[PDB]
Amino acid sequence: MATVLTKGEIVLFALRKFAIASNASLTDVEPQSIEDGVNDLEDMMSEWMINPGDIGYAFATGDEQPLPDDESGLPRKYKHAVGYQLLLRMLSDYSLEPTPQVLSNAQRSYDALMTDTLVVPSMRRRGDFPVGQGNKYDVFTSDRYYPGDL
Amino acid sequence: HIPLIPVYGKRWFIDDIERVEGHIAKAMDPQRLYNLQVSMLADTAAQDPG
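Per chain, the count goes from 1 following the written sequence and can depart from the entry's numbering; residues without coordinates do not appear at all. Following the order in which they are written, the chains are lettered starting with A and the ligands numbered starting with 1. Here the displayed chains are drawn from a larger assembly, and the quantities reported describe the displayed chains exclusively. Side-chain numbers here rest on the full set of heavy atoms in the structure, without hydrogens or water.

The record lists cryo-EM as the method behind this PDB entry and 2.76 Å as its resolution.

## What about the overall build of chain B?
Helices and strands together make up the secondary structure of chain B, namely one helix and two strands. Think of it this way: any DSSP run of H or I at least four residues long counts as a helix, any run of E at least two long counts as a strand, and we number them from the N terminus. Its helices and strands in sequence order give chain B the pattern β-β-α, from N to C terminus. Relative to the 2.2 N^0.38 estimate, which gives 10 Å for 50 residues, the radius of gyration of chain B is 21 Å and therefore markedly larger than a compact globule would have. Taking the principal axes of the C-alpha coordinates as reference, chain B spans close to 75 × 25 × 10 Å. In this scheme, a residue with accessible area under 20% of its type's maximum is buried, one over 50% is exposed, and one in between is partly exposed, where area comes from a 1.4 Å probe on protein chains only. The buried share of chain B, taken over its 50 residues, is 0%. Carbon and sulfur atoms make up 62% of the accessible area of chain B, which amounts to about 5100 Å² in all. A distance of 9 Å separates the average location of the 5 positive side-chain charges in chain B from that of its 7 negative side-chain charges. The quantity called the radius of gyration is restricted to C-alpha atoms. Its globule counterpart is 2.2 Å times the number of residues to the power 0.38. Only the protein chains shown count as cover for residues, and all accessible areas are computed by the Shrake-Rupley method using a 1.4 Å probe. Two residue types count as positive, namely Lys and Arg, and two as negative, namely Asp and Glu; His and chain ends fall outside the count. In plain terms, the charge of a residue is placed at NZ if it is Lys, CZ if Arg, CG if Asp and CD if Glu.

## Section: the side chain of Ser72 of chain A
Residue and element names in this part refer to chain A. For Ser72, the position within the fold is in the loop between α2 (31-48) and α3 (79-90). Given a relative accessible area of 0%, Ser72 falls into the buried group. Polar contacts, as used here, are pairs of N or O atoms within 3.5 Å; protein pairs need one atom able to donate a hydrogen and one able to accept it. Residues neighboring in sequence count only if both atoms are side-chain atoms. Here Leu74 takes part through its backbone nitrogen, which lies 3.5 Å from a polar atom of the side chain of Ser72. Not counting chain neighbours up to four residues away, the residues in contact with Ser72 comprise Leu5, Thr6, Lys7, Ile10, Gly56, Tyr57 and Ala58. We call two residues in contact when some of their heavy atoms are within 4.5 Å.

## So, the packing of α3 of chain A against helix α4 (residues 100-115) of chain A
All names here are of chain A. Geometry is summarised by axes, namely lines fitted to C-alpha atoms with helices restricted to the contacting stretch, and by angles between N-to-C directions that run from 0 to 180 degrees. In contact at an axis separation of 8 Å, α3 and α4 are set at 135° when each is read in the N-to-C sense. Considering their axes alone, α3 and α4 lie oblique with respect to each other. Crossing hand, α3 versus α4: left-handed. Residue-level inspection shows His80, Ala81, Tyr84, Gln85, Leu87 and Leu88 of α3 in contact with α4, the latter providing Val102, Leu103, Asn105, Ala106, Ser109, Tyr110 and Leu113. Each residue is assigned to one class: nonpolar for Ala, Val, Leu, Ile, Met, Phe, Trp, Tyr, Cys and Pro, charged for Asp, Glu, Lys and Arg, and polar for all the others, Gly among them. Here the contact of α3 with α4 is composed, by residue class, of nine nonpolar, four polar and no charged. Note that the term roughly parallel is reserved for angles under 35 degrees, roughly antiparallel for angles over 145, roughly perpendicular for angles of 65 to 115, and oblique for everything else. Each crossing is labelled by how the near helix is turned from the far one, with a counterclockwise turn of less than a right angle marking it left-handed and a clockwise turn marking it right-handed.

## Regarding the nonpolar core
Residue and element names in this part refer to chain A. By nonpolar core is meant a set of buried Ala, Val, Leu, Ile, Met, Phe, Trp, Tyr and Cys residues that side-chain atoms within 4.5 Å join together. One finds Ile10, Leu41, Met45, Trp48, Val82 and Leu86 to be the most contacted residues of the largest nonpolar core, which totals 28 residues. For this core, the elements supplying multiple residues, two or more each, are α1 (7-17), α2, α3 and α4. Filtering out sequence-adjacent residues up to four positions away, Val82 remains in contact with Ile10, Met44, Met45, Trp48 and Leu74.

## Comments concerning the pairing of strand β1 (residues 10-13) of chain B
Between any two strands, pairing holds if DSSP finds at least two bridges. Of the pairings in the sheet, the one linking β1 of chain B to strand β2 (residues 18-21) of chain B comprises four bridges and is antiparallel in character. When the bridges of β2 of chain B are listed, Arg11 of chain B appears paired with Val20 of chain B.

## Considerations on the packing of α1 of chain A against α3 of chain A
When two helices pack together, their arrangement is given by the angle between the helix axes and the distance between those axes. Residues and elements named next belong to chain A. Contact geometry for α1 and α3: axes closest at 9 Å, N-to-C directions at 60°. As far as their axial angle goes, α3 and α1 are oblique. You can see that α1 and α3 cross each other, and the crossing is right-handed. Contacts between α1 and α3 involve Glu9, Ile10, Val11, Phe13, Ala14, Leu15 and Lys17 from the first element and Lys79, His80, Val82, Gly83, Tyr84, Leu86, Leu87 and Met90 from the second. Of the residues in the contact of α1 with α3, the class split is ten nonpolar, two polar and three charged.

In structure tokens form, the structure reads like this:
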């Protein structure tokens, strides 16, 4: 929460974490890389609408264009997971290979994201399964046999 | 005399209180535990048929 998390901040985080564009190593930054990163983030969220499921990302309304100053709509609890996944996807543009520690961090953050979405669907009763006489289906309830549908 | 005639199954006088008993009070616990066993087996069987 607190400060809203914009789309450009996530791609800047991803670029920083592998020493490509940050004040801590040599600096420098290029706009075309930013546009490519933002479009990659957009498409990766579109894909994530299937397997991990929706997490509240805010897509571009009409035709337009994503832009790095638009609000992402994500909670701050997800930025590390999203950034690590984006970095993994966009490393190969610069012909670089990830190191084991980065992979471990990405897996831990992704697991934290996965934990906050579980459902465990809690399978039902069938529909021809009787309900006993102890449930007093005459008067208290109705419809002996479970509905098992709805 | 008072014209009421009581009938008891089994009657005893224990602690200033008269206590009676029929023929089914002793069998409540096994019966209502057997019912639970059958009810719990039925749906477990019905959950995973094959």
